[PDB]
file target-v6.txt (compact mmCIF, C-alpha atoms and all ligand atoms)
# COMPACT_ATOMS: atom_id res chain seq x y z
CA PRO R 3 0.00 0.00 0.00
CA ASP R 4 2.11 2.98 -1.21
CA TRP R 5 -0.25 5.66 0.30
CA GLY R 6 -1.59 6.39 3.80
CA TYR R 7 -1.85 9.16 6.40
CA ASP R 8 1.56 8.91 8.16
CA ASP R 9 4.42 11.44 7.66
CA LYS R 10 6.08 9.53 4.76
CA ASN R 11 3.03 8.32 2.73
CA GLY R 12 0.43 10.93 3.80
CA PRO R 13 -1.60 13.71 2.07
CA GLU R 14 1.29 16.22 1.59
CA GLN R 15 3.18 13.44 -0.35
CA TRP R 16 0.25 11.97 -2.42
CA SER R 17 1.07 14.28 -5.43
CA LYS R 18 4.33 12.27 -6.13
CA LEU R 19 2.34 9.12 -7.11
CA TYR R 20 -1.06 10.86 -7.90
CA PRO R 21 -0.44 14.20 -9.65
CA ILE R 22 -4.25 14.90 -9.66
CA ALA R 23 -3.72 15.70 -5.92
CA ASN R 24 -2.76 19.24 -7.13
CA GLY R 25 -5.78 19.40 -9.54
CA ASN R 26 -8.56 21.99 -9.99
CA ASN R 27 -11.44 19.92 -8.51
CA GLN R 28 -9.85 18.45 -5.32
CA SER R 29 -11.72 17.70 -2.08
CA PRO R 30 -12.32 18.42 0.70
CA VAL R 31 -12.69 22.25 0.84
CA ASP R 32 -13.42 24.95 3.39
CA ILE R 33 -16.97 26.21 2.78
CA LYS R 34 -16.90 30.00 3.34
CA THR R 35 -20.61 30.88 3.83
CA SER R 36 -20.11 34.55 2.74
CA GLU R 37 -18.99 33.21 -0.71
CA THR R 38 -21.72 30.53 -1.29
CA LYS R 39 -24.30 31.15 -4.09
CA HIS R 40 -27.96 30.28 -3.21
CA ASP R 41 -29.30 28.33 -6.23
CA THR R 42 -33.12 28.39 -6.60
CA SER R 43 -32.96 25.45 -9.13
CA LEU R 44 -31.67 22.95 -6.45
CA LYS R 45 -34.39 20.41 -5.50
CA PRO R 46 -34.53 18.81 -2.06
CA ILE R 47 -32.31 15.74 -1.55
CA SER R 48 -34.35 12.50 -1.68
CA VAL R 49 -32.88 9.29 -0.17
CA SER R 50 -34.70 5.96 -0.28
CA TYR R 51 -32.61 3.08 1.06
CA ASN R 52 -33.67 -0.54 1.56
CA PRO R 53 -32.03 -2.06 4.72
CA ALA R 54 -31.78 -5.46 2.92
CA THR R 55 -29.02 -3.95 0.66
CA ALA R 56 -26.56 -3.75 3.62
CA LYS R 57 -23.87 -6.39 2.90
CA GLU R 58 -20.47 -6.28 4.66
CA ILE R 59 -18.14 -4.30 6.92
CA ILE R 60 -14.39 -4.36 6.06
CA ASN R 61 -11.21 -3.13 7.70
CA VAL R 62 -9.31 -1.54 4.77
CA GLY R 63 -6.20 -0.65 6.84
CA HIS R 64 -6.66 3.18 6.76
CA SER R 65 -10.41 3.06 7.55
CA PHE R 66 -13.41 0.72 7.58
CA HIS R 67 -16.11 0.52 4.92
CA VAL R 68 -19.77 -0.59 5.10
CA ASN R 69 -20.74 -1.87 1.65
CA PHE R 70 -24.14 -2.36 0.06
CA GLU R 71 -25.43 -4.63 -2.69
CA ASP R 72 -25.58 -2.41 -5.82
CA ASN R 73 -27.09 -4.73 -8.48
CA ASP R 74 -30.39 -2.74 -8.69
CA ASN R 75 -32.12 0.50 -7.56
CA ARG R 76 -33.44 -0.72 -4.16
CA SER R 77 -31.30 2.05 -2.48
CA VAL R 78 -31.07 5.40 -4.31
CA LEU R 79 -30.33 9.15 -4.00
CA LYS R 80 -32.27 11.62 -6.17
CA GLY R 81 -32.94 15.37 -6.26
CA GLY R 82 -30.57 18.17 -5.24
CA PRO R 83 -28.47 19.07 -8.32
CA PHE R 84 -29.00 15.69 -10.07
CA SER R 85 -31.19 14.66 -13.03
CA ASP R 86 -29.96 11.02 -12.68
CA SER R 87 -30.75 8.45 -9.88
CA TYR R 88 -27.53 7.46 -7.98
CA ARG R 89 -27.21 4.02 -6.41
CA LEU R 90 -25.97 3.64 -2.81
CA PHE R 91 -22.88 1.45 -2.49
CA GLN R 92 -20.97 2.41 0.69
CA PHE R 93 -20.70 4.56 3.77
CA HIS R 94 -17.58 5.24 5.85
CA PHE R 95 -16.15 7.86 8.24
CA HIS R 96 -13.11 10.03 8.63
CA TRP R 97 -11.69 11.03 12.03
CA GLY R 98 -8.69 12.76 13.57
CA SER R 99 -6.05 12.03 16.24
CA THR R 100 -7.97 14.16 18.80
CA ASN R 101 -11.47 15.70 19.11
CA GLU R 102 -10.16 19.11 17.84
CA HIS R 103 -10.02 17.98 14.21
CA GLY R 104 -11.18 14.96 12.27
CA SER R 105 -13.68 16.23 9.67
CA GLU R 106 -12.52 16.60 6.06
CA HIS R 107 -14.79 19.51 5.03
CA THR R 108 -14.68 22.63 7.24
CA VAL R 109 -17.24 25.44 7.45
CA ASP R 110 -15.91 29.02 7.87
CA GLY R 111 -12.59 27.48 9.06
CA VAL R 112 -14.26 25.36 11.80
CA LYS R 113 -12.95 21.76 12.05
CA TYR R 114 -15.41 19.09 13.36
CA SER R 115 -14.42 15.81 15.11
CA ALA R 116 -15.33 13.39 12.31
CA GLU R 117 -17.25 13.16 9.00
CA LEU R 118 -19.69 10.60 7.51
CA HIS R 119 -19.50 9.88 3.72
CA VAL R 120 -22.50 8.15 2.08
CA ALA R 121 -21.36 7.27 -1.51
CA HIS R 122 -23.46 6.51 -4.60
CA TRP R 123 -22.73 5.91 -8.30
CA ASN R 124 -24.57 7.08 -11.45
CA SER R 125 -26.53 3.95 -12.54
CA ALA R 126 -28.55 6.05 -15.09
CA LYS R 127 -25.39 6.71 -17.18
CA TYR R 128 -22.92 3.88 -16.16
CA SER R 129 -23.04 0.10 -15.70
CA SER R 130 -20.82 -0.32 -12.60
CA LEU R 131 -19.00 1.50 -9.81
CA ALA R 132 -15.67 0.67 -11.56
CA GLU R 133 -16.90 2.51 -14.73
CA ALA R 134 -18.50 5.48 -12.85
CA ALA R 135 -15.63 6.12 -10.39
CA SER R 136 -13.40 7.99 -12.92
CA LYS R 137 -16.30 9.99 -14.66
CA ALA R 138 -16.94 13.70 -13.82
CA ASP R 139 -20.67 12.87 -13.16
CA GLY R 140 -19.97 9.33 -11.83
CA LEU R 141 -20.23 9.68 -8.02
CA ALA R 142 -22.49 11.51 -5.54
CA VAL R 143 -21.33 11.61 -1.90
CA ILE R 144 -23.28 13.03 1.08
CA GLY R 145 -20.94 14.46 3.73
CA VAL R 146 -22.19 14.94 7.29
CA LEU R 147 -20.08 16.86 9.83
CA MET R 148 -19.90 15.10 13.21
CA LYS R 149 -19.70 17.39 16.26
CA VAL R 150 -18.31 15.95 19.49
CA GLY R 151 -20.95 15.99 22.25
CA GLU R 152 -23.69 13.52 23.21
CA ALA R 153 -23.32 9.81 22.29
CA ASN R 154 -25.20 9.11 19.04
CA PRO R 155 -27.31 5.94 19.44
CA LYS R 156 -27.83 5.67 15.62
CA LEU R 157 -24.11 4.70 15.38
CA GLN R 158 -24.71 1.63 17.68
CA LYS R 159 -24.91 -1.23 15.11
CA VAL R 160 -21.79 0.17 13.35
CA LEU R 161 -19.71 0.53 16.54
CA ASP R 162 -20.79 -2.89 17.88
CA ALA R 163 -19.55 -4.48 14.59
CA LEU R 164 -15.94 -3.15 14.85
CA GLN R 165 -14.82 -5.85 17.34
CA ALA R 166 -15.16 -8.44 14.50
CA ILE R 167 -12.96 -6.45 12.05
CA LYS R 168 -10.18 -5.20 14.37
CA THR R 169 -7.18 -5.79 11.98
CA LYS R 170 -6.49 -5.06 8.34
CA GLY R 171 -8.37 -7.24 5.86
CA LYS R 172 -10.92 -8.65 8.32
CA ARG R 173 -14.51 -8.49 7.07
CA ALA R 174 -17.84 -9.60 8.35
CA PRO R 175 -21.48 -9.62 7.26
CA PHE R 176 -23.33 -6.37 8.09
CA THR R 177 -27.04 -6.64 7.24
CA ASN R 178 -30.48 -5.08 7.67
CA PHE R 179 -29.31 -1.46 8.08
CA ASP R 180 -30.68 1.76 6.49
CA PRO R 181 -27.91 4.47 6.65
CA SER R 182 -30.50 7.28 6.09
CA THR R 183 -30.92 6.81 9.92
CA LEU R 184 -27.46 8.49 10.33
CA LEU R 185 -28.44 11.66 8.38
CA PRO R 186 -29.45 14.88 10.19
CA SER R 187 -33.14 15.95 10.45
CA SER R 188 -32.63 18.78 7.90
CA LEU R 189 -31.16 17.85 4.49
CA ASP R 190 -30.37 21.52 3.69
CA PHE R 191 -27.02 21.29 1.83
CA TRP R 192 -24.05 22.83 0.03
CA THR R 193 -22.98 21.27 -3.30
CA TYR R 194 -19.72 21.65 -5.31
CA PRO R 195 -17.87 19.55 -7.93
CA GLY R 196 -14.90 17.78 -6.39
CA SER R 197 -12.98 14.56 -5.90
CA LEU R 198 -12.35 11.44 -3.87
CA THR R 199 -10.51 12.60 -0.72
CA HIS R 200 -7.84 9.87 -0.92
CA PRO R 201 -6.07 8.03 -3.74
CA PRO R 202 -6.91 7.59 -6.46
CA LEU R 203 -8.30 11.15 -5.95
CA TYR R 204 -10.44 11.05 -9.16
CA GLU R 205 -12.39 14.31 -9.82
CA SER R 206 -15.66 12.31 -10.15
CA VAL R 207 -17.66 13.48 -7.07
CA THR R 208 -20.65 15.80 -6.76
CA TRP R 209 -20.42 16.66 -3.02
CA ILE R 210 -23.63 17.15 -0.97
CA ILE R 211 -22.56 18.62 2.39
CA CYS R 212 -25.26 18.84 5.08
CA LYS R 213 -25.65 22.18 6.90
CA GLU R 214 -26.76 20.39 10.12
CA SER R 215 -24.21 18.31 12.04
CA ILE R 216 -24.85 15.03 13.81
CA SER R 217 -23.42 14.19 17.23
CA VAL R 218 -20.71 11.73 18.30
CA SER R 219 -19.25 11.18 21.80
CA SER R 220 -15.52 11.31 22.74
CA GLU R 221 -15.80 7.57 23.54
CA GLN R 222 -17.45 6.71 20.15
CA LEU R 223 -14.51 8.50 18.38
CA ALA R 224 -12.12 6.42 20.57
CA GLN R 225 -13.76 3.25 19.13
CA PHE R 226 -12.80 4.39 15.60
CA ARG R 227 -9.20 5.15 16.73
CA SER R 228 -8.89 1.72 18.42
CA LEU R 229 -9.28 -0.05 15.03
CA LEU R 230 -5.90 -1.44 13.91
CA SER R 231 -4.15 -0.76 10.62
CA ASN R 232 -1.84 -3.77 10.97
CA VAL R 233 -2.69 -7.41 10.07
CA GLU R 234 -3.43 -9.95 12.82
CA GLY R 235 -0.29 -11.14 14.66
CA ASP R 236 1.74 -7.97 13.90
CA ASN R 237 2.49 -5.15 16.36
CA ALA R 238 -0.72 -3.13 16.98
CA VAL R 239 -0.84 0.18 15.00
CA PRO R 240 -4.06 2.11 15.88
CA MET R 241 -5.90 3.95 13.10
CA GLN R 242 -5.31 7.36 14.71
CA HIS R 243 -6.57 9.54 11.80
CA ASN R 244 -7.55 9.49 8.11
CA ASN R 245 -8.68 13.06 7.28
CA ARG R 246 -7.21 15.01 4.35
CA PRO R 247 -6.56 18.76 4.72
CA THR R 248 -8.81 21.19 2.78
CA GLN R 249 -7.77 21.97 -0.81
CA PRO R 250 -7.96 25.15 -2.86
CA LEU R 251 -11.34 25.98 -4.58
CA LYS R 252 -9.45 27.12 -7.77
CA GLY R 253 -12.50 29.23 -8.78
CA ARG R 254 -15.24 26.64 -8.10
CA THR R 255 -18.61 27.87 -6.74
CA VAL R 256 -20.13 26.24 -3.65
CA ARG R 257 -23.91 26.43 -4.11
CA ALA R 258 -26.39 26.49 -1.17
CA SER R 259 -29.90 24.89 -1.24
CA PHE R 260 -30.97 27.30 1.55
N1 LIG D 1 -11.54 8.79 -1.02
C1 LIG D 1 -12.53 7.97 -1.48
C2 LIG D 1 -12.16 6.81 -2.16
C3 LIG D 1 -13.10 5.86 -2.58
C4 LIG D 1 -12.56 4.55 -3.04
CL1 LIG D 1 -11.96 3.56 -1.68
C5 LIG D 1 -12.52 3.98 -4.40
CL2 LIG D 1 -11.49 2.64 -4.80
CL3 LIG D 1 -13.38 4.64 -5.75
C6 LIG D 1 -14.45 6.16 -2.35
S1 LIG D 1 -15.73 5.01 -2.72
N2 LIG D 1 -17.09 5.70 -2.25
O1 LIG D 1 -15.49 3.86 -1.86
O2 LIG D 1 -15.75 4.83 -4.16
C7 LIG D 1 -14.84 7.34 -1.72
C8 LIG D 1 -13.89 8.23 -1.27
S2 LIG D 1 -14.43 9.71 -0.44
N3 LIG D 1 -13.55 9.77 0.93
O3 LIG D 1 -15.79 9.55 -0.04
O4 LIG D 1 -14.05 10.78 -1.27
ZN ZN D 2 -14.56 9.53 2.57
call {"tool": "encode", "arguments": {"input": "target-v6.txt", "output": "structure tokens", "more": "lines below"}}
Ligand SMILES: Nc1cc(C(Cl)=C(Cl)Cl)c(S(N)(=O)=O)cc1S(N)(=O)=O
Ligand SMILES: [Zn+2]
result
Amino acid sequence: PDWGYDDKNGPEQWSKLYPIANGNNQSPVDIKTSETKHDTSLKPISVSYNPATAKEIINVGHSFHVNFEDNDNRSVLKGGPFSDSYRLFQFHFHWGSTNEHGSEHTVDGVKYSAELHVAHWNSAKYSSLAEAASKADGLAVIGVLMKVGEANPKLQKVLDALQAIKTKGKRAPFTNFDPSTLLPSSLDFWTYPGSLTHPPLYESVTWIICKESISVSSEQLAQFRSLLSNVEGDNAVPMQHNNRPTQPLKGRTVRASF
């Protein structure tokens, strides 16, 4: 695994292997609210997820992923800036080494403690995730800023599952879960054209960033950081952080739905 988040293989070094790191549509960004453009043409975000599409949780070494069956349109995102239906395939989190930072997106310079990514691919235009992932209109990702405070009970199934995937490569079934339960009450959002926030950093993402945060406790964040990046039997290496710094807007417009 050439890339990671440590001093030698981390975000400031990704450009050596992935020159798109220094591109014009890189994510995440700082959303400066004085510079957002309210767009009257934005429709409300519509999510409709079937809990039976939940499939598997996986320790991928730098993070963990919760994957969904994506063979049909049982679980879809519509509305907002999109004409096309986008098919749910994954959610995951980013976090930092301490409570002070850990989100990827920031709002008016303010860093949150963690961030939820709910990822979808354009099944109107493309035939698979692998095809869509490199296309400018291929991916739609909802970002939710997670503010340290009260324990969030909606995270329970996810946190309880981590003990079965402690080390790199471990995976387990993760079923009967609707991740719309993790979204805030308001789906008021910012949107901008951007990228995956880690390699391969493709500029394929329409970002949908929620205005409203969701909560997370200090102890729930500790559960994320207690996951191990090493394989079973090796020296324990906690997953301390996996958030990328904010990237230059390079003249992009962040639009507001509100
Ligand atoms: N950084 C990143 C990478 C991927 C991956 Cl691992 C692929 Cl192999 Cl496409 C994906 S995804 N949704 O897994 O295709 C999303 C992101 S993110 N953090 O939401 O921008
Ligand atoms: Zn992410």
call {"tool": "residues_near_ligand", "arguments": {"input": "target-v6.txt", "ligand": "ligand ZN 2 (chain D)", "cutoff": "7 Å", "atoms": "all atoms listed in the file", "output": "list in words"}}
result
residues 94, 95, 96, 119 and 199 of chain R
call {"tool": "residues_near_ligand", "arguments": {"input": "target-v6.txt", "ligand": "ligand LIG 1 (chain D)", "cutoff": "7 Å", "atoms": "only C-alpha atoms and all ligand atoms", "output": "list in words"}}
result
residues 92, 119, 121, 122, 135, 143, 197, 198, 199, 200, 201, 202 and 203 of chain R
call {"tool": "residues_near_point", "arguments": {"input": "target-v6.txt", "point": "(-32.4, 17.5, 17.0)", "cutoff": "12 Å", "atoms": "all atoms listed in the file", "output": "number ranges by chain"}}
result
R: 152, 154, 185-188, 214-217
call {"tool": "residues_around", "arguments": {"input": "target-v6.txt", "residues": "residue 42 (chain R)", "least_positions_apart": "2", "cutoff": "8 Å", "atoms": "only C-alpha atoms", "output": "PDB file with C-alpha atoms, in the coordinates of the input"}}
result
ATOM      1  CA  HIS R  40     -27.960  30.280  -3.210  1.00  0.00           C
ATOM      2  CA  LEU R  44     -31.670  22.950  -6.450  1.00  0.00           C
ATOM      3  CA  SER R 259     -29.900  24.890  -1.240  1.00  0.00           C
TER       4      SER R 259
END
call {"tool": "residues_near_point", "arguments": {"input": "target-v6.txt", "point": "(-18.1, -3.4, 17.3)", "cutoff": "12 Å", "atoms": "all atoms listed in the file", "output": "PyMOL selection string"}}
result
chain R and resi 59-61+66+157-168+173-174+176+222+224-226+228-229
call {"tool": "axis_aligned_box", "arguments": {"input": "target-v6.txt", "around": "region 237-246 of chain R", "padding_each_side": "3 Å", "output": "lines of an AutoDock Vina configuration file"}}
result
center_x = -3.1
center_y = 4.9
center_z = 10.7
size_x = 17.2
size_y = 26.2
size_z = 18.6
call {"tool": "residues_around", "arguments": {"input": "target-v6.txt", "residues": "residue 43 (chain R)", "least_positions_apart": "3", "cutoff": "12 Å", "atoms": "only C-alpha atoms", "output": "list in words"}}
result
residues 39, 40, 46, 81, 82, 83, 84, 85, 257, 258, 259 and 260 of chain R
call {"tool": "atom_distance", "arguments": {"input": "target-v6.txt", "atom1": "CA of residue 29 (chain R)", "atom2": "CA of residue 106 (chain R)"}}
result
8.3 Å
call {"tool": "closest_residue", "arguments": {"input": "target-v6.txt", "among": "R:123, R:34, R:239, R:195", "to": "residue 74 (chain R)", "atoms": "all atoms listed in the file"}}
result
R:123
call {"tool": "atom_distance", "arguments": {"input": "target-v6.txt", "atom1": "CA of residue 191 (chain R)", "atom2": "CA of residue 97 (chain R)"}}
result
21.1 Å
call {"tool": "residues_around", "arguments": {"input": "target-v6.txt", "residues": "region 99-103 of chain R", "least_positions_apart": "2", "cutoff": "9 Å", "atoms": "all atoms listed in the file", "output": "ChimeraX atom specification"}}
result
/R:97,105-106,112-116,149-150,220,223-224,227,241-245
call {"tool": "write_last_selection", "arguments": {"input": "target-v6.txt", "atoms": "C-alpha atoms", "output": "PDB file, in the frame of the given file"}}
result
ATOM      1  CA  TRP R  97     -11.690  11.030  12.030  1.00  0.00           C
ATOM      2  CA  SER R 105     -13.680  16.230   9.670  1.00  0.00           C
ATOM      3  CA  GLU R 106     -12.520  16.600   6.060  1.00  0.00           C
ATOM      4  CA  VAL R 112     -14.260  25.360  11.800  1.00  0.00           C
ATOM      5  CA  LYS R 113     -12.950  21.760  12.050  1.00  0.00           C
ATOM      6  CA  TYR R 114     -15.410  19.090  13.360  1.00  0.00           C
ATOM      7  CA  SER R 115     -14.420  15.810  15.110  1.00  0.00           C
ATOM      8  CA  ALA R 116     -15.330  13.390  12.310  1.00  0.00           C
ATOM      9  CA  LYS R 149     -19.700  17.390  16.260  1.00  0.00           C
ATOM     10  CA  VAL R 150     -18.310  15.950  19.490  1.00  0.00           C
ATOM     11  CA  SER R 220     -15.520  11.310  22.740  1.00  0.00           C
ATOM     12  CA  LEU R 223     -14.510   8.500  18.380  1.00  0.00           C
ATOM     13  CA  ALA R 224     -12.120   6.420  20.570  1.00  0.00           C
ATOM     14  CA  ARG R 227      -9.200   5.150  16.730  1.00  0.00           C
ATOM     15  CA  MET R 241      -5.900   3.950  13.100  1.00  0.00           C
ATOM     16  CA  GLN R 242      -5.310   7.360  14.710  1.00  0.00           C
ATOM     17  CA  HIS R 243      -6.570   9.540  11.800  1.00  0.00           C
ATOM     18  CA  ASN R 244      -7.550   9.490   8.110  1.00  0.00           C
ATOM     19  CA  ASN R 245      -8.680  13.060   7.280  1.00  0.00           C
TER      20      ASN R 245
END
call {"tool": "decode", "arguments": {"input": "target-v6.txt", "residues": "region 39-61 of chain R", "atoms": "C-alpha atoms", "output": "short mmCIF file (atom, residue, chain, number, x, y, z; two decimals), in the first residue's frame"}}
result
data_model
loop_
_atom_site.label_atom_id
_atom_site.label_comp_id
_atom_site.auth_asym_id
_atom_site.auth_seq_id
_atom_site.Cartn_x
_atom_site.Cartn_y
_atom_site.Cartn_z
CA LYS R 39 -24.30 31.15 -4.09
CA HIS R 40 -27.96 30.28 -3.21
CA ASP R 41 -29.30 28.33 -6.23
CA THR R 42 -33.12 28.39 -6.60
CA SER R 43 -32.96 25.45 -9.13
CA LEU R 44 -31.67 22.95 -6.45
CA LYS R 45 -34.39 20.41 -5.50
CA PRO R 46 -34.53 18.81 -2.06
CA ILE R 47 -32.31 15.74 -1.55
CA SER R 48 -34.35 12.50 -1.68
CA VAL R 49 -32.88 9.29 -0.17
CA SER R 50 -34.70 5.96 -0.28
CA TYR R 51 -32.61 3.08 1.06
CA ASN R 52 -33.67 -0.54 1.56
CA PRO R 53 -32.03 -2.06 4.72
CA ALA R 54 -31.78 -5.46 2.92
CA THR R 55 -29.02 -3.95 0.66
CA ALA R 56 -26.56 -3.75 3.62
CA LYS R 57 -23.87 -6.39 2.90
CA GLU R 58 -20.47 -6.28 4.66
CA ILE R 59 -18.14 -4.30 6.92
CA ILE R 60 -14.39 -4.36 6.06
CA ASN R 61 -11.21 -3.13 7.70
#
